[PDB]
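A single chain comes next, written as structure tokens; it is the form solved without the named molecule.
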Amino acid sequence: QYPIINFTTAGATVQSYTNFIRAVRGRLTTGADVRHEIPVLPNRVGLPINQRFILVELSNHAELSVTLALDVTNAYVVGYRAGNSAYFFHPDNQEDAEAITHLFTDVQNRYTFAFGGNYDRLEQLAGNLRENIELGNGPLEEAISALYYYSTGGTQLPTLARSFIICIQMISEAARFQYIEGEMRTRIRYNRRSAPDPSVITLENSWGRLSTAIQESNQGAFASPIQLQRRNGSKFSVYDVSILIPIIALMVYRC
């Protein structure tokens, strides 16, 4: 079936998490398709189903496990399986709909949520912005549990949204950005949870537009500047792929 990368929060270390993330990147882009030095995700179009998803199996010291499904085209979480049951974010269209049906085929219980997995929706449901939701090994530990128990009714909706926002940023966004990978490490190193500051959020929001500005740049020069924020919320602009070499690790396919 689809490839599985295993991770556990129990005795998680910086290397543990770093190895896991690199592992995940490796499984997303194996093609070495690269533009302006930044690897590019596979192109959605004419992608054989077999190559569309990858699974991330997560488990905690309490021995509760779930398996996320990530889309190799965007790196994003499309849903998860736990034990008997499996849940999916709302597909954006017919195509993405047919696709999910190849995930977790064996699962006895199949459900597709009415809502999508985009931040706007998830922050609405969580009752908090990403600014107010802490990240760390502990937060991730709880997120696993909260997904496991959902199948059984022991998880409230906001807690589920909240738990997704934690995984998306600790896995997908961390894959997409060495910078975000980094911020998570610091949190793990000290077993200290904290919500993401604007430098993080303005990145997460801008992945698409950065993926574009890059792939469409003139010899690396952005046709138009992409604006981001610093830790203190002060605005600054990015004119060149050069400054992002160390920042972003992946881009969705464009052109």
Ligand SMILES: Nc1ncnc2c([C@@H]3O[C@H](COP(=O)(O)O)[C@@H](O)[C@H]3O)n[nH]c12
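Residue numbers run from 1 along the displayed sequence.
Keep in mind that the form solved in complex with the named molecule is missing from the display, and what follows is about it.
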Checklist entry - in the entry with it bound, which of the listed residues (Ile133, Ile168, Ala82, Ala126) lies with a heavy atom within 4.5 Å of the named molecule? => result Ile168
Item to check | Contact label in the entry with it bound: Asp33 to the named molecule, heavy atom within 4.5 Å | outcome: no
Next on the checklist: Under a 4.5 Å heavy atom criterion, is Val77 part of the interface with the named molecule in the entry with it bound?
Outcome noted: yes
Checklist entry - Is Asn109 close to the named molecule in the entry with it bound, meaning a heavy atom pair under 4.5 Å apart or at it? => result no
Checklist entry - Judged by heavy atom distances of 4.5 Å or less, which residues of 172-189 approach the named molecule in the entry with it bound? => result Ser172, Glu173, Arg176
